[PDB]
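Trainee: The sequence shown runs 4 to 260 under UniProt numbering.
Beta carbons: idealized from backbone N, C-alpha and C, even for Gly.
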Amino acid sequence: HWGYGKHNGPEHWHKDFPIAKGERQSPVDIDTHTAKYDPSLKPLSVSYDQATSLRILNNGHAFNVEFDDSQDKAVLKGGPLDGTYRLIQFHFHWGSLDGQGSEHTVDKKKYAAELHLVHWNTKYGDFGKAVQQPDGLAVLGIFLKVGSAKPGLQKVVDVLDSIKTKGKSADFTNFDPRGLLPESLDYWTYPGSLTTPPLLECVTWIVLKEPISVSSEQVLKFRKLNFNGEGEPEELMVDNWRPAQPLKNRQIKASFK
Ligand SMILES: CC(=O)O[C@@H]1[C@H](O)[C@@H](O)O[C@H](COS(N)(=O)=O)[C@H]1OC(C)=O
Ligand SMILES: [Zn+2]
Numbered sequence: 004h005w006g007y008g009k010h011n012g013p014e015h016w017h018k019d020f021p022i023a024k025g026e027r028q029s030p031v032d033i034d035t036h037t038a039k040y041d042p043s044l045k046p047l048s049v050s051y052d053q054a055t056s057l058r059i060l061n062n063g064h065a066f067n068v069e070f071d072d073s074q075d076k077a078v079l080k081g082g083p084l085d086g087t088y089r090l091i092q093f094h095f096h097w098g099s100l101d102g103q104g105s106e107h108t109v110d111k112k113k114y115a116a117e118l119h120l121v122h123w124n125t126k127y128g129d130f131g132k133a134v135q136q137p138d139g140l141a142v143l144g145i146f147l148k149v150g151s152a153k154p155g156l157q158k159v160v161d162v163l164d165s166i167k168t169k170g171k172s173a174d175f176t177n178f179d180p181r182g183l184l185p186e187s188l189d190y191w192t193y194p195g196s197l198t199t200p201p202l203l204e205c206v207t208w209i210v211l212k213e214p215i216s217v218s219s220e221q222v223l224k225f226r227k228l229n230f231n232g233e234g235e236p237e238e239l240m241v242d243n244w245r246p247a248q249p250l251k252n253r254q255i256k257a258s259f260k
C-alpha cells in the first residue's frame, strides 16, 4: 500500500485516494505576509492536565503516542475551534537531514521535523465519525528545529529502541505532552486535511508560530527507526512527510500581528 518511498510516495497517493487533489488538502506553505490577523479568534486553550498516555506504537509510517480518550482528560478548545476536541494521539514527521522534514513550511522554509497533536470533536462521539466531518479534527502542529535538547522529549527518545520496527509497541504511561509545547501559543490556522491517506478533509489545522528546539542526538534517534517489520531488510524511517499542497480557495488566519 502507500508510503514515502520513490514508488509508493505522496506523488502516487492520488491513484488510490483521488481526494489527494482535493479542495482543501494539507500540508501547505504558510506565507507569513499573506496571512491575516483575526482579532475575533479567542485565546487558544490547551488543557492537558489530566492527560493519560497509554502506549507508543511503530505503525510503519510514524510512531504514535496514544492517549486515553474515553473522557475529556486532555482537550483543545478556543482559538478557531467550536466545542471540545479530545486528544487521541501525537506523532512526528521528520527528515533524513536537518534541512528537511516538516510538512508545513513557513515562507517555504522546511524545519527538521514537525510534531502533530491530534484531537477529535467530541460532538461526533468517536474518531471514526469525526473524520467524516469538515470540523471533525483539530491538529496542533509544532515545528522542530535542531539546537539544544528538549528535555520533555527525551522520555520518547529513550523508548524508540524498543519499538524499532513496524507493529512493535511499548507501554508509555504517565507521559506529559505539556513538555513538548513552546512558550508561546501564537498560531496560524486554516481548514485542511489529514496528511496521509485516506487524506480526509476533516481537519482544522492549528500551526504554532514558535518552534521547539531539539538536539541533533535526539533527532538522530528518530532516524534509527524502521519503516519495515522485524526481520526484513532495513528501510530507515526518514522523510515521512508530505510536501506542501496548493492553498487554492483558502485563507490562513493568524492569532497575532
Ligand atoms: C492512528 C494513525 O494511523 O495515525 C496516523 C499516524 O499518526 C501518522 O502517520 O499520521 C497520520 C496523518 O495524520 S496527521 N498528519 O494528519 O495529523 C495519522 O492518521 C490519522 C488518521 O490519525
Ligand atoms: Zn502528522
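Taking C-beta to C-beta, are residue 243 and residue 65 nearer than 7 Å?
Mentor: Closer than 7 Å, so yes.
Trainee: Got a sec? Which residues, its chain only, sit under 7 Å from residue 127 by beta carbon, not counting five neighbours each side?
Mentor: Here the set comprises 133, 136 and 139.
Trainee: Assign residue 9 to buried or exposed, taking buried as 16 or more other Cβ atoms, counted over all protein chains shown, within 10 Å of its Cβ.
Mentor: Exposed, since its Cβ has fewer than 16 Cβ neighbours within 10 Å.
Trainee: What are the boundary residues of the alpha helix (DSSP H) that includes residue 2?
Mentor: This structure does not reach residue 2, given that the chain is present from 4 up to 260, and the question cannot be answered.
Trainee: Does DSSP classify residue 156 as helix, strand or coil?
Mentor: DSSP places residue 156 in helix when its eight states are reduced to three.
Trainee: If you check the beta carbons only, do residue 173 and residue 218 fall under 7 Å apart?
Mentor: No, they are not a contact pair.
Trainee: Do residue 144 and residue 183 come within 7 Å of each other at the CB atom, strictly closer than that value?
Mentor: Their beta carbons are not under 7 Å apart, which means residue 183 does not touch residue 144 by this criterion.
Trainee: On the three-pair Cβ rule with 8 Å, is the region 160-178 touching the region 214-232?
Mentor: Cβ pair count under 8 Å is three or more, so yes.
Trainee: Within 8 Å, do at least three Cβ pairs link the region 61-78 to the region 90-97?
Mentor: Flag = yes, the region 90-97 and the region 61-78 touch.
Trainee: What span of residues does the beta strand (DSSP E) with residue 244 cover, start to end?
Mentor: Counting along the chain, residue 244 falls outside any beta strand (DSSP E), and DSSP gives it neither H nor E.
Trainee: Helix, strand or coil for residue 179 per DSSP?
Mentor: DSSP places residue 179 in coil when its eight states are reduced to three.
Trainee: Report whether the distance from the Cβ of residue 17 to the nearest heavy atom of ligand 2 is below 6 Å.
Mentor: No, ligand 2 has no heavy atom inside 6 Å of this Cβ.
Trainee: Apart from the five residues on each side of it in sequence, which residues of its chain come closer than 7 Å, Cβ to Cβ, to residue 54?
Mentor: Closer than 7 Å at Cβ, skipping near neighbours: 70, 76, 77, 90, 179 and 180.
Trainee: Using three-state DSSP, classify residue 162 as helix, strand or coil.
Mentor: Reduced to three states, the DSSP call for residue 162 is helix.
Trainee: Are residue 1 and residue 47 close, meaning C-beta to C-beta below 7 Å?
Mentor: Outside the shown range of the chain (4 to 260) lies residue 1, about which nothing can therefore be said.
Trainee: In whole angstroms, what separates the C-alpha of residue 248 from that of residue 205?
Mentor: Rounded to the nearest angstrom, the two C-alpha atoms are 16 Å apart.
Trainee: If you follow the alpha helix (DSSP H) that residue 130 is part of, which residue opens it and which one closes it?
Mentor: It spans 130-133 - the alpha helix (DSSP H) in which residue 130 sits, taken as one unbroken run.
Trainee: Here's a check: name, in chain order, each residue in its chain whose Cβ is nearer than 7 Å to the Cβ of residue 38, leaving out the five neighbours to either side.
Mentor: These residues qualify, in order along the chain: 191, 255, 256 and 257.
Trainee: For residue 40, does the three-state DSSP call read helix, strand or coil?
Mentor: Note: residue 40 maps to strand in three-state DSSP.
Trainee: To the nearest whole angstrom, what separates the beta carbons of residue 193 and residue 31, a pair I think is in contact under 8 Å?
Mentor: At roughly 7 Å, the Cβ-Cβ gap stays under 8 Å, so residue 193 and residue 31 are in contact.
Trainee: Could you give the distance in angstroms between the alpha-carbon of residue 208 and the alpha-carbon of residue 237?
Mentor: Approximately 33 Å between the Cα atoms of the pair.
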